[PDB]
file input-v2.txt (compact mmCIF, C-alpha atoms)
# COMPACT_ATOMS: atom_id res chain seq x y z
CA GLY E 31 63.16 110.78 100.66
CA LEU E 32 61.57 112.10 97.46
CA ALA E 33 65.21 113.05 96.76
CA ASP E 34 66.03 109.35 96.69
CA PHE E 35 63.09 108.62 94.33
CA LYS E 36 65.09 108.24 91.14
CA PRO E 37 66.56 105.53 88.86
CA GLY E 38 68.59 102.96 90.79
CA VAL E 39 66.85 103.37 94.17
CA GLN E 40 66.61 100.18 96.29
CA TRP E 41 63.10 98.94 97.15
CA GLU E 42 60.87 96.23 98.63
CA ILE E 43 57.30 95.29 97.72
CA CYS E 44 55.09 93.31 100.11
CA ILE E 45 51.39 93.36 99.28
CA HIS E 46 50.29 89.80 100.16
CA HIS E 47 50.51 90.41 103.92
CA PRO E 48 51.02 93.52 106.08
CA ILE E 49 54.64 94.27 106.98
CA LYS E 50 55.74 94.12 110.60
CA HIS E 51 56.38 97.65 111.89
CA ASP E 52 56.87 97.68 115.66
CA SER E 53 60.28 99.32 115.12
CA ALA E 54 62.63 100.34 112.32
CA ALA E 55 64.50 97.03 112.83
CA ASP E 56 61.44 95.18 111.43
CA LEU E 57 61.89 96.95 108.04
CA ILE E 58 63.98 94.18 106.52
CA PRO E 59 65.67 94.65 104.11
CA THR E 60 67.07 97.82 105.70
CA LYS E 61 68.73 98.96 102.46
CA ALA E 62 65.29 99.30 100.78
CA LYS E 63 64.47 103.03 100.67
CA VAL E 64 61.22 102.64 98.69
CA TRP E 65 58.43 100.46 100.15
CA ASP E 66 55.42 99.35 98.10
CA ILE E 67 52.68 98.20 100.47
CA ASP E 68 48.97 97.48 100.15
CA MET E 69 46.93 100.65 100.79
CA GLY E 70 44.35 98.60 102.72
CA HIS E 71 47.02 97.07 105.01
CA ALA E 72 48.27 100.60 105.75
CA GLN E 73 44.77 101.55 106.91
CA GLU E 74 44.29 98.34 108.95
CA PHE E 75 47.57 99.01 110.82
CA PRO E 76 47.60 102.80 111.33
CA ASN E 77 51.21 103.08 112.59
CA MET E 78 52.62 101.33 109.48
CA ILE E 79 53.15 104.41 107.28
CA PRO E 80 54.22 106.56 110.29
CA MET E 81 56.85 103.91 111.08
CA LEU E 82 58.06 103.85 107.46
CA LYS E 83 58.28 107.67 107.37
CA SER E 84 60.13 107.77 110.72
CA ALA E 85 62.77 105.46 109.13
CA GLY E 86 63.15 107.74 106.09
CA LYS E 87 61.24 105.56 103.59
CA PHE E 88 59.36 106.62 100.47
CA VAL E 89 55.98 104.93 100.54
CA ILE E 90 54.12 103.59 97.50
CA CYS E 91 50.51 102.42 98.05
CA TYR E 92 49.30 99.54 95.89
CA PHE E 93 45.67 99.41 94.83
CA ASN E 94 43.73 97.70 92.06
CA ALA E 95 42.78 100.31 89.41
CA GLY E 96 41.59 98.00 86.65
CA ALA E 97 39.77 95.28 88.65
CA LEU E 98 37.28 95.09 91.49
CA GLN E 99 37.84 92.62 94.34
CA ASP E 100 35.25 90.80 96.45
CA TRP E 101 36.77 92.14 99.70
CA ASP E 102 37.01 95.84 98.63
CA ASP E 103 35.41 98.15 101.24
CA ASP E 104 33.75 100.13 98.39
CA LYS E 105 32.60 97.11 96.32
CA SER E 106 28.87 97.81 96.81
CA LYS E 107 29.30 101.28 95.22
CA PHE E 108 30.34 99.87 91.81
CA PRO E 109 27.37 99.31 89.43
CA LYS E 110 27.01 95.88 87.84
CA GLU E 111 27.28 97.52 84.41
CA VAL E 112 30.97 98.45 84.91
CA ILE E 113 31.97 94.99 86.25
CA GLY E 114 33.21 92.64 83.53
CA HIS E 115 34.79 89.23 83.26
CA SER E 116 36.35 87.40 86.14
CA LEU E 117 40.14 87.40 86.01
CA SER E 118 39.59 83.57 85.55
CA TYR E 119 36.59 83.85 83.12
CA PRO E 120 34.61 81.71 82.46
CA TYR E 121 34.99 80.76 86.16
CA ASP E 122 33.56 83.04 88.85
CA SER E 123 36.26 84.35 91.19
CA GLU E 124 36.90 87.14 93.70
CA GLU E 125 38.28 89.56 91.04
CA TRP E 126 36.62 91.15 87.99
CA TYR E 127 37.85 93.63 85.38
CA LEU E 128 36.35 97.14 85.38
CA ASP E 129 35.14 99.23 82.47
CA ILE E 130 37.79 101.92 82.97
CA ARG E 131 36.20 104.16 80.31
CA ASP E 132 33.29 104.78 82.67
CA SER E 133 33.00 108.05 84.62
CA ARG E 134 31.57 106.21 87.65
CA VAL E 135 34.69 104.03 87.86
CA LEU E 136 36.92 107.11 87.66
CA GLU E 137 34.99 108.81 90.50
CA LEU E 138 35.30 105.76 92.76
CA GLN E 139 39.02 105.33 91.95
CA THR E 140 39.76 109.01 92.65
CA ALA E 141 38.17 108.60 96.10
CA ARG E 142 40.79 105.86 96.67
CA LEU E 143 43.51 108.37 95.63
CA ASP E 144 42.09 110.75 98.28
CA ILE E 145 42.61 108.00 100.88
CA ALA E 146 46.18 107.38 99.68
CA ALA E 147 46.94 111.10 100.08
CA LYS E 148 45.27 111.29 103.53
CA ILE E 149 47.06 108.24 105.04
CA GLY E 150 50.65 109.24 104.13
CA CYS E 151 51.32 107.49 100.81
CA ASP E 152 53.86 109.35 98.65
CA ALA E 153 52.73 107.52 95.51
CA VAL E 154 50.29 104.91 94.21
CA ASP E 155 50.87 101.72 92.22
CA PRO E 156 47.64 101.10 90.23
CA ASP E 157 47.13 97.50 89.13
CA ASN E 158 45.53 95.82 86.11
CA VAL E 159 45.77 98.60 83.50
CA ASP E 160 46.74 96.25 80.64
CA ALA E 161 43.57 94.31 79.77
CA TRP E 162 42.61 95.73 76.38
CA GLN E 163 41.38 93.39 73.64
CA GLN E 164 44.39 91.84 71.85
CA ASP E 165 44.40 89.47 68.84
CA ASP E 166 40.62 88.87 69.03
CA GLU E 167 40.82 87.85 72.75
CA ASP E 168 38.99 90.22 75.14
CA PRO E 169 39.92 89.91 78.87
CA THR E 170 37.31 92.33 80.23
CA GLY E 171 34.27 91.85 78.00
CA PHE E 172 34.19 95.61 77.25
CA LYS E 173 36.34 95.38 74.06
CA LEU E 174 38.70 98.04 75.44
CA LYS E 175 41.50 99.57 73.37
CA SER E 176 45.01 100.22 74.66
CA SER E 177 44.28 103.96 74.32
CA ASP E 178 41.39 103.56 76.80
CA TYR E 179 43.96 102.53 79.44
CA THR E 180 46.26 105.42 78.44
CA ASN E 181 43.31 107.85 78.88
CA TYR E 182 42.29 106.30 82.20
CA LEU E 183 45.81 106.49 83.62
CA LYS E 184 46.08 110.10 82.42
CA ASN E 185 42.83 110.81 84.30
CA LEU E 186 44.11 109.11 87.48
CA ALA E 187 47.39 111.05 87.18
CA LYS E 188 45.63 114.40 86.56
CA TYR E 189 43.70 113.84 89.82
CA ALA E 190 46.71 112.67 91.89
CA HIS E 191 48.87 115.53 90.58
CA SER E 192 46.23 117.98 91.90
CA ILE E 193 46.31 116.82 95.55
CA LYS E 194 49.08 116.88 98.14
CA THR E 195 50.53 114.12 100.28
CA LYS E 196 51.17 114.32 103.99
CA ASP E 197 54.77 115.32 103.17
CA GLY E 198 53.31 118.29 101.28
CA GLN E 199 54.08 117.28 97.64
CA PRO E 200 51.90 116.07 94.72
CA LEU E 201 50.75 112.43 94.88
CA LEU E 202 52.75 110.35 92.33
CA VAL E 203 51.34 107.63 90.07
CA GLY E 204 53.07 104.61 88.57
CA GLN E 205 52.62 102.63 85.37
CA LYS E 206 52.07 98.91 86.05
CA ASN E 207 53.24 96.76 83.10
CA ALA E 208 51.42 97.64 79.83
CA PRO E 209 54.65 98.08 77.80
CA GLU E 210 52.74 98.96 74.61
CA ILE E 211 51.65 102.30 76.12
CA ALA E 212 54.84 103.24 78.01
CA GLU E 213 55.84 105.73 75.29
CA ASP E 214 52.36 107.31 75.54
CA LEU E 215 52.51 107.61 79.37
CA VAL E 216 56.13 108.39 80.31
CA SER E 217 55.58 112.17 80.26
CA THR E 218 52.52 111.83 82.48
CA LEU E 219 53.33 109.10 85.02
CA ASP E 220 56.07 109.22 87.64
CA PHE E 221 57.63 105.71 87.63
CA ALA E 222 56.97 102.16 86.46
CA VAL E 223 56.42 98.85 88.24
CA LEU E 224 57.10 95.81 86.06
CA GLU E 225 56.49 92.06 86.37
CA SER E 226 58.47 89.63 84.23
CA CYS E 227 59.91 92.21 81.81
CA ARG E 228 62.67 89.64 81.21
CA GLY E 229 60.03 87.14 80.04
CA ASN E 230 60.12 83.56 81.27
CA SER E 231 63.05 81.11 81.53
CA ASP E 232 60.67 78.42 80.23
CA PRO E 233 60.74 79.43 76.52
CA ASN E 234 57.38 77.63 75.93
CA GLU E 235 55.63 80.22 78.16
CA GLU E 236 54.01 83.03 76.13
CA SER E 237 56.10 85.78 77.71
CA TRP E 238 57.71 88.22 75.28
CA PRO E 239 60.42 90.30 77.00
CA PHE E 240 59.66 94.01 77.33
CA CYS E 241 62.26 95.59 79.66
CA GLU E 242 63.53 97.73 76.76
CA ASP E 243 60.13 99.48 76.50
CA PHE E 244 60.74 101.11 79.92
CA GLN E 245 64.20 102.60 79.22
CA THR E 246 62.20 105.75 78.32
CA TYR E 247 61.36 106.10 82.04
CA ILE E 248 65.05 105.91 83.01
CA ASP E 249 65.72 108.59 80.33
CA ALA E 250 63.12 110.80 82.09
CA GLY E 251 64.78 110.41 85.52
CA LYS E 252 61.91 108.16 86.70
CA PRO E 253 62.56 104.85 88.55
CA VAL E 254 61.67 101.48 87.05
CA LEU E 255 60.80 99.10 89.86
CA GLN E 256 61.36 95.67 88.34
CA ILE E 257 59.89 92.42 89.75
CA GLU E 258 61.05 89.04 88.48
CA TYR E 259 59.47 85.69 89.48
CA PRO E 260 61.94 82.87 88.69
CA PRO E 261 59.69 79.76 88.23
CA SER E 262 62.01 77.69 90.43
CA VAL E 263 61.07 79.74 93.53
CA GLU E 264 57.35 78.87 93.53
CA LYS E 265 58.24 75.23 92.78
CA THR E 266 61.23 74.62 95.10
CA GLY E 267 61.48 77.65 97.45
CA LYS E 268 64.88 78.64 95.92
CA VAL E 269 66.20 80.36 92.77
CA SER E 270 67.85 77.70 90.59
CA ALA E 271 71.30 78.30 89.13
CA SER E 272 69.81 78.49 85.61
CA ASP E 273 67.11 80.97 86.76
CA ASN E 274 69.74 83.16 88.43
CA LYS E 275 71.56 83.33 85.08
CA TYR E 276 68.33 84.10 83.18
CA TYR E 277 67.05 86.83 85.51
CA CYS E 278 70.23 88.35 87.07
CA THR E 279 72.96 88.33 84.35
CA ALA E 280 73.57 91.96 83.27
CA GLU E 281 71.79 92.93 80.06
CA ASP E 282 71.27 96.30 78.35
CA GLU E 283 67.47 96.08 78.26
CA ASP E 284 66.93 96.43 82.06
CA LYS E 285 70.08 98.44 82.80
CA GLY E 286 69.32 101.04 85.47
CA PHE E 287 66.14 99.33 86.68
CA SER E 288 65.64 98.54 90.35
CA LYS E 289 65.44 94.73 90.20
CA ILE E 290 64.02 92.45 92.90
CA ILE E 291 63.27 88.71 92.86
CA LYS E 292 59.96 87.70 94.47
CA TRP E 293 58.07 84.44 95.03
CA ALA E 294 55.06 84.66 92.62
CA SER E 295 52.67 87.33 91.30
CA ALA E 296 49.90 85.82 93.48
CA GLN E 297 52.31 85.70 96.49
CA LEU E 298 54.06 89.08 96.76
CA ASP E 299 54.88 88.35 100.39
CA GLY E 300 57.94 89.34 102.43
CA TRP E 301 60.31 86.84 100.78
CA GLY E 302 62.70 88.47 98.35
CA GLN E 303 66.17 88.48 96.88
CA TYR E 304 68.53 90.92 95.23
CA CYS E 305 70.83 89.72 92.46
CA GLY E 306 74.21 88.75 93.92
CA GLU E 307 72.80 88.27 97.45
CA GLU E 308 71.17 85.62 99.62
CA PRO E 309 67.40 85.99 100.13
CA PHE E 310 65.72 87.99 102.87
CA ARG E 311 62.24 87.99 104.38
CA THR E 312 60.25 91.05 105.42
CA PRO E 313 58.40 89.83 108.56
CA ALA E 314 54.60 89.98 108.75
CA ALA E 315 52.40 91.92 111.14
CA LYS E 316 49.96 89.76 113.14
CA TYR E 317 46.17 90.32 113.01

call {"tool": "encode", "arguments": {"input": "input-v2.txt", "output": "structure tokens"}}
result
Amino acid sequence: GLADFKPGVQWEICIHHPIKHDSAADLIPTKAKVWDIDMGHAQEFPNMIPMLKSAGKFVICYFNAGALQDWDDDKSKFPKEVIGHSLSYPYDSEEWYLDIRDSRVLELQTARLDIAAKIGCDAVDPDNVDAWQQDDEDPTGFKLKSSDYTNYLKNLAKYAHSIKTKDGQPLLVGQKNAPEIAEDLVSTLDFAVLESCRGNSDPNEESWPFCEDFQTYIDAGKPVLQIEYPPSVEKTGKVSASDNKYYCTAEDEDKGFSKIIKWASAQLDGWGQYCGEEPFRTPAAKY
């Protein structure tokens, strides 16, 4: 339902493992109408998106727009010159920021958009578009400006908005975080996916709240898909009473967002919780 794809829509995100999809009954939680899944997992399990579509779901395909990963099928096509610092620089890792000004990166990323369109995705959720140099600290090594990310996302959107999905409509493109450029992108992009817009319940964490910067998407009739990671979950397996107050108590700044509680940014698995409800778990497919 593209009709359903509007502010307030219920959703689930599960990118750490493939979702189970033998039947519609596997698609826990059943009230989620929007499903954000890893584009690779959808290719590895070819009946996944068909199953989602048969159950009436709108499908968002996650991919990594701003960083290259050691396991990417297309990794060998990226020149060394566009590969920057490890996401744990100075330590080597399996993930490295890309020079998203570069035409070669754009070409490779648009080929991924072609795949998203071919396999049945209604939309894409492009990651890591927030790594410009800030306060004399440079995440990528390329000394990127916030406007470089605005331009890149506009280029991704221009491409996606020129190709059709399997349901016969333009491919949609989300904004992932990057609150500073929401006002510059809201006309172009189709929705937002946020992590920790409410900040952090540990006030000593550097985590300035930014939910208010995405009200402009709600104003445009575009959903804001809001992920919160209460610290207590990763530590204890449960949302503490104090974390429930911090993340779930009604506030103007995230009014109208589609809020979900998840385990950790590095563990966006099937576990989840809606405010005012017990947790659920989307089951995993087996390799």

call {"tool": "closest_residue", "arguments": {"input": "input-v2.txt", "among": "E:41, E:172, E:221, E:88", "to": "residue 197 (chain E)", "atoms": "only C-alpha atoms"}}
result
E:88

call {"tool": "closest_residue", "arguments": {"input": "input-v2.txt", "among": "E:69, E:179, E:76, E:166", "to": "residue 143 (chain E)", "atoms": "all atoms listed in the file"}}
result
E:69

call {"tool": "residues_around", "arguments": {"input": "input-v2.txt", "residues": "residue 303 (chain E)", "least_positions_apart": "6", "cutoff": "9 Å", "atoms": "only C-alpha atoms", "output": "VMD selection string"}}
result
chain E and resid 290 to 292 309 to 311

call {"tool": "residues_around", "arguments": {"input": "input-v2.txt", "residues": "region 118-124 of chain E", "least_positions_apart": "2", "cutoff": "8 Å", "atoms": "all atoms listed in the file", "output": "number ranges by chain"}}
result
E: 99-101, 115-116, 126

call {"tool": "residues_around", "arguments": {"input": "input-v2.txt", "residues": "region 230-241 of chain E", "least_positions_apart": "4", "cutoff": "10 Å", "atoms": "only C-alpha atoms", "output": "VMD selection string"}}
result
chain E and resid 207 to 210 224 to 226 245 254 256 258 to 262 272 to 277 281 to 285 287

call {"tool": "atom_distance", "arguments": {"input": "input-v2.txt", "atom1": "CA of residue 90 (chain E)", "atom2": "CA of residue 66 (chain E)"}}
result
4.5 Å

call {"tool": "build_atoms", "arguments": {"input": "input-v2.txt", "residues": "region 179-195 of chain E", "atoms": "N, CA and C atoms", "output": "CSV table (one decimal), keeping the file's coordinate frame"}}
result
chain,number,residue,atom,x,y,z
E,179,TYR,N,43.1,102.6,78.2
E,179,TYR,CA,44.0,102.5,79.4
E,179,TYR,C,44.9,103.7,79.5
E,180,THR,N,45.5,104.2,78.4
E,180,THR,CA,46.3,105.4,78.4
E,180,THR,C,45.4,106.6,79.0
E,181,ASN,N,44.2,106.8,78.5
E,181,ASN,CA,43.3,107.8,78.9
E,181,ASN,C,42.9,107.7,80.4
E,182,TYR,N,42.6,106.5,80.8
E,182,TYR,CA,42.3,106.3,82.2
E,182,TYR,C,43.4,106.7,83.1
E,183,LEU,N,44.7,106.2,82.8
E,183,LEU,CA,45.8,106.5,83.6
E,183,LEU,C,46.1,108.0,83.6
E,184,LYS,N,45.9,108.7,82.5
E,184,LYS,CA,46.1,110.1,82.4
E,184,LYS,C,45.1,110.8,83.3
E,185,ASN,N,43.8,110.3,83.4
E,185,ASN,CA,42.8,110.8,84.3
E,185,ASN,C,43.2,110.6,85.8
E,186,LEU,N,43.7,109.4,86.1
E,186,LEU,CA,44.1,109.1,87.5
E,186,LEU,C,45.3,110.1,87.8
E,187,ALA,N,46.2,110.2,86.9
E,187,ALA,CA,47.4,111.0,87.2
E,187,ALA,C,47.0,112.5,87.3
E,188,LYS,N,46.1,113.0,86.5
E,188,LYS,CA,45.6,114.4,86.6
E,188,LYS,C,45.1,114.7,88.0
E,189,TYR,N,44.3,113.7,88.5
E,189,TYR,CA,43.7,113.8,89.8
E,189,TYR,C,44.8,113.8,90.9
E,190,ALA,N,45.7,112.8,90.9
E,190,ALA,CA,46.7,112.7,91.9
E,190,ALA,C,47.6,113.9,91.9
E,191,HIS,N,47.9,114.4,90.7
E,191,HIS,CA,48.9,115.5,90.6
E,191,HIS,C,48.2,116.8,91.0
E,192,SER,N,46.9,116.8,91.4
E,192,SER,CA,46.2,118.0,91.9
E,192,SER,C,46.0,118.0,93.4
E,193,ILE,N,46.5,116.9,94.1
E,193,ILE,CA,46.3,116.8,95.6
E,193,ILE,C,47.7,116.5,96.2
E,194,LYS,N,47.8,117.0,97.5
E,194,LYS,CA,49.1,116.9,98.1
E,194,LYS,C,49.1,115.7,99.1
E,195,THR,N,50.3,115.2,99.3
E,195,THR,CA,50.5,114.1,100.3
E,195,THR,C,50.7,114.7,101.7
